[PDB]
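Enquirer: make a model of this:
(chains A and B)
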Amino acid sequence: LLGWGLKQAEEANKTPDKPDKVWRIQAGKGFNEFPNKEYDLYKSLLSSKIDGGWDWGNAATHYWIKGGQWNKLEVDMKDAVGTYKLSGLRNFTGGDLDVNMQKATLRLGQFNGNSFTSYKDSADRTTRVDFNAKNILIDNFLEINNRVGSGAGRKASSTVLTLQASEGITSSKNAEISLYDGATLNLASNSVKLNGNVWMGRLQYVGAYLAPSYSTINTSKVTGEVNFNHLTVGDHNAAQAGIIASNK
Amino acid sequence: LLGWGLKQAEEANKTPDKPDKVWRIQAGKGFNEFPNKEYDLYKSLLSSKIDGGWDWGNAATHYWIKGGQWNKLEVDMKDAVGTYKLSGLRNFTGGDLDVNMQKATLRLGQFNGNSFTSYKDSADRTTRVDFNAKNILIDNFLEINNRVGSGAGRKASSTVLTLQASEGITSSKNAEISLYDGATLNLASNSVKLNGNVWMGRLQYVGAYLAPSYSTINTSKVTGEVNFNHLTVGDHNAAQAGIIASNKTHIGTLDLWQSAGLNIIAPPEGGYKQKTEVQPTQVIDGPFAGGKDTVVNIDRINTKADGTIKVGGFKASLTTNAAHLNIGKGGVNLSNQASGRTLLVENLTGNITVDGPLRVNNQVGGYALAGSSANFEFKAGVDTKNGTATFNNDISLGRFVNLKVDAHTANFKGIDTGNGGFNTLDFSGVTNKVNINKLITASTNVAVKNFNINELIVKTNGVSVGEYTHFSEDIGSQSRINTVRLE
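Expert: Numbers count the residues shown, from 1 in each chain, chains lettered A, B, ... in the order given. Below, you will see the structure:
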């Protein structure tokens, strides 16, 4: 009932969290010497400090960082040349990644899509999931602030999916970006061209036909040519989405 | 499920522990004046501050340091000349020994072997058991990270057995080194020669047929001649062991499992080298390239294969990113169950030179039934793509055995697949040439991109029609066959 103009203006100015256990992973040698290798990046680097899980209540998978979602991590490559896929991170609760991948083409999809959620606990935390790749090339679906299963388990709090590549964030025809009730996302490359389903706002729960369900795609400093193809605001609710674009 | 390449790269960079009660023992006088005495070293020095025990649950013996395993000790001799045996330390839980024995020959065996375990408590501690002897001369068995008895009592956490002598770590014929699910061990002398059973990975529990069971023998700075004799990776599990050697690794008998792995990794070229709480920089490497003179002379490969029957193969591997992979005269063996067993002889950034005959079920031709399609596999110079798979020996395929090579210029000398037929003689990843000198095919699935097979044999297959030598890809421009012979 608040309105998006209040909500984004008060959520774009926060402190991130209080993360204890700042795990600091760094890619060493071997990664930075094959320009065409097509690494995986979940199992080949991340999956030591990202654990699976089962929730008592609507579980299929459950991912956080390490011993509770109130922990950070980081990944400081800055030289690991290749092409890195994610391929299958579903119901990721986590917190405060920043996969700092200089000189690395990204991909977020092969044989499975992705998800980036948090939990509505007593902290009501964000996720602040950054990336710093070279392209991005999303190339499969992505479910920012989705539901765990259906109804059971817990509630989901907000999130941020910043994505700050440096060549152009293209996408695919079958890449349905489905950001929900709380999710925003920045972008800061030049010449985004999302050639797939941008789905701002959805029924996060199946019965909640009366959610406000805000969002934002704050493509804030995109210095080239913003270009959507298929924007689908709202689904069975008054989804008051917003976009703060960059004057084209 | 993590993989060894993550596990060792995150376990080689830790803090040891938080030990209270740093007992500091020091050998005084009397020890340093008999060069030939043959001391015992458990009872004569250690056994004041190492106590026995009984566990309620699967106990025979139980050793720790003093009042709980969270205590260190040390032994600072640095002059105690003699020859010191251990002889009988079984189920040692302990923690953080470093028996600093300068100018002292060691021994770890007489009338009884040894063990070095920890416990999987709420701390999940290592053991970090160092030594600093002059030779080592293991000379009996050793059970690093073993089980207490069987099942009962408690679980076991990780361990480290560093062994940093200064003359050469030999061993005995009856010295079975049995490192298990968690155990690693460094070595840093020159010219190791383990002339006994190296057993990486074992059933730590009797029912746990599904453990990952990693290990490592990081013979990291061994400045002389690494030399195994009998390496036996895996036992009824997918034991993904690894070795980070020092660019000359002669080994002898390799006895893998169906589904156990191996990662013999060469050095790099230059050689090696409330409140928010900040973990240290957990540096982790990726799969890198060997140096130039990185030699891996695995001169006999065997592969046992027994158990139940799965829908497919199991594909034991040995990722070997040295800039060579010579395989000598025993060549390649395999053993085949009802499903086709599979061997994965990779090389990331080197060559392959197999001068030995391929066998399966230990015969040169190696016939196999239609369901048991044995799958040999070679990947020479994968991530450089100028890697050759030279087979300087006459290979021989029986029936339902499968070769595939993904190399740059896979040279050969002689191929025998027409004796049995039904042999998937794949060449799907060959960059340019397959310079086979002699070819025998009857009912074969040869597919070469470019070649010059300067002699051809075209055999029949009795009465079966439709089954023949079926070239199934591009033969291309520079191709050549200097002699075709239809029998």
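Enquirer: give the bridge partners for the residue nearest the centre of chain A, please.
Expert: By C-alpha atoms, centre = their mean, the mean C-alpha position of chain A lies nearest to residue A:161, the distance being 3.9 Å. Counting by DSSP bridges, residue A:161 is bridged to residue A:129.
Enquirer: contact partners for residue A:119?
Expert: Contacts for residue A:119 were tallied using C-beta atoms under 8 Å, 6 or more residues apart in numbering or on different chains; they are A:69, A:93, A:125, A:154-157. C-beta here means a position set from N, CA and C on the backbone, and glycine is covered the same way.
Enquirer: not counting its neighbours along the chain, what's nearest it?
Expert: Closest residue to residue A:119 apart from its sequence neighbours, by C-beta to C-beta, 6 or more residues apart in numbering or on different chains: residue A:154 at 5.2 Å.
Enquirer: now do the helices in chain A.
Expert: Along chain A, counting by DSSP state H, helices occupy A:4-11.
Enquirer: what lies in contact with the top strand by length along it?
Expert: Assignment by DSSP state E gives strand A:20-27 as the longest strand of chain A. By C-beta under 8 Å, 6+ apart, the surrounding residues in contact with strand A:20-27 are A:45-46, A:48-49, A:65-67, A:70-77, A:80, B:274-286.
Enquirer: sheet partners, orientation included, of that strand?
Expert: strand A:71-76 (parallel), strand B:278-284 (parallel).
Enquirer: burial of the residue in chain A that chain B sits nearest to, as a residue count?
Expert: Nearest to chain B, among the residues of chain A, is residue A:30, at 3.2 Å (C-beta to the nearest C-beta). Neighbour count for residue A:30, taken as other C-beta atoms under 10 Å in any protein chain shown: 22.
Enquirer: and if you look at the one 4 residues further on?
Expert: Counted with other C-beta under 10 Å, the neighbours of residue A:34 add up to 21.
Enquirer: and if you look at residue A:14?
Expert: Counted with other C-beta under 10 Å, residues neighbouring residue A:14 total 11.
Enquirer: name the nearest residue to it, sequence neighbours excluded.
Expert: residue A:126 (7.1 Å).
Enquirer: list the contacts of the residue of chain A most remote from its centre.
Expert: Among residues of chain A, the one most distant from the C-alpha centroid is residue A:33; the distance is 28.1 Å, by C-alpha atoms, centre = their mean. Residues near residue A:33 by C-beta under 8 Å, 6+ apart: A:81, B:288-289.
Enquirer: rerun that using 7 Å as the cut-off
Expert: The contact partners of residue A:33, by C-beta atoms under 7 Å, 6 or more residues apart in numbering or on different chains, come to B:288-289.
Enquirer: repeat for residue A:19
Expert: Taking C-beta under 7 Å, 6+ apart as the test, what residue A:19 contacts is A:70-72, A:95-96, B:276.
Enquirer: before we move on, back to that, quick one: buried residues of the longest strand of chain A?
Expert: A:21, A:23-27 (16 or more other C-beta atoms under 10 Å in any protein chain shown).
Enquirer: pull the most distant pair out of the residues you listed.
Expert: A:21 and A:27 (19.9 Å; C-beta to C-beta).
Enquirer: my read is that the residue nearest to the centre of chain A contacts residue A:129, right?
Expert: Yes: here residue A:161 reaches residue A:129: they are 5.3 Å apart, a contact under C-beta atoms under 7 Å.
Enquirer: find residues that contact each of those two.
Expert: Common contacts of residue A:161 and residue A:129 (C-beta under 7 Å, 6+ apart): residue A:116.
Enquirer: one step back: now, of the contacts of residue A:119, which are buried?
Expert: A:69, A:93, A:125, A:156-157.
Enquirer: measure stretch A:95-109 end to end?
Expert: 20 Å (C-alpha to C-alpha, to the nearest Å).
Enquirer: buried ones in it?
Expert: So, applying 16+ other C-beta under 10 Å, buried residues of stretch A:95-109: A:95-101, A:104-109.
Enquirer: same question for stretch A:55-71.
Expert: Buried residues in stretch A:55-71 (16+ other C-beta under 10 Å): A:55, A:61-66, A:69-71.
Enquirer: what's the most distant pair in these?
Expert: Most distant of the buried residues of stretch A:55-71, by C-beta to C-beta, are A:61 and A:70, 19.8 Å apart.
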